[PDB]
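Residue numbers (this note's numbering), protein chains in the order written: chain A, 2 to 100; chain B, 2 to 100.
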């Protein structure tokens, strides 16, 4: 919903236009376990420079997603989102089960 | 209400833009006796790919249909939806009648 595609028309995930640093590496590639979101180049496809177009697939749920992120970073909801042994990894595997 | 026509403007059932596999067959054709819904190609009419427009005949009853689908698979409604000798098959034929 926020990241921009490097090529207009299509919004393929392999054409992510992340703002790269001076050394070459991206400034903020983003993290999944951490709730920090990645940084993206500004949406401006004018003449002179390369044409970068915004995401063409996002819905209108930016506000609920921001609320969910705020809940995820809240230490008062650990009993739901950061359970002791029933934490879910990125691939969907927990230490224990419901039994 | 979900499956999208392969061509915009017309919503013919024969133009179902389903998601096909590498071999050529669709990923999920869908079943009637089973409650699995068919898979469809994502709605996208941008450049590069074909123009995919969702069907315009769909009503606003997605939630009641989802509820009915959930009820159909509930084993607590066997006496209603899955009577032993009064189960209606696809073409509307019953083994026995109300007599």
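For every residue, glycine included, the Cβ atom is placed at its ideal position computed from N, Cα and C.
The DSSP-derived three-state label of residue 69 (chain A) is helix. For residue 44 (chain A), the CB contacts under 8 Å within the same chain, skipping 5 residues up- and downstream, are 5, 53, 54 and 55 in chain order. Annotation: Cβ neighbours of residue 11 (chain A) in chain B (cutoff 8 Å, chain order): 47, 48, 49 and 50. When 7 Å is used as the limit between beta carbons, residue 61 (chain A) is near no residue of chain B, the shortest such separation being about 15 Å. The straight-line gap separating the alpha-carbon atoms of residue 15 (chain A) and residue 62 (chain A) is approximately 23 Å. Taking the CA atoms as reference points, residue 66 (chain B) sits about 49 Å from residue 48 (chain A). Taking a Cβ-Cβ cut-off of 7 Å, the neighbours of residue 57 (chain A) in chain B comprise 47, given in sequence order. Residue 78 (chain B) counts as exposed, since fewer than 16 other beta carbons sit within 10 angstroms of its beta carbon. Collapsing the DSSP output to three states places residue 76 (chain A) in a helix. Of the other Cβ atoms in all chains shown, fewer than 16 fall within 10 Å of the Cβ of residue 50 (chain B); this residue is therefore exposed. The bridge partners DSSP lists for residue 17 (chain A) are A:6.
Residue 23 (chain A) and residue 17 (chain A) have their C-alpha atoms some 18 Å from each other.
Exclusion of the five residues before and after residue 95 (chain B) leaves 87 and 89 as the residues of its chain whose Cβ lies within less than 7 Å of its Cβ. For residue 19 (chain B), the closest of B:42, B:46 and B:10 by C-alpha to C-alpha distance is B:42. Within its own chain, the residues whose Cβ lies closer than 7 Å to the Cβ of residue 59 (chain B), once the five positions on either side in sequence are excluded, are 2, listed in chain order.
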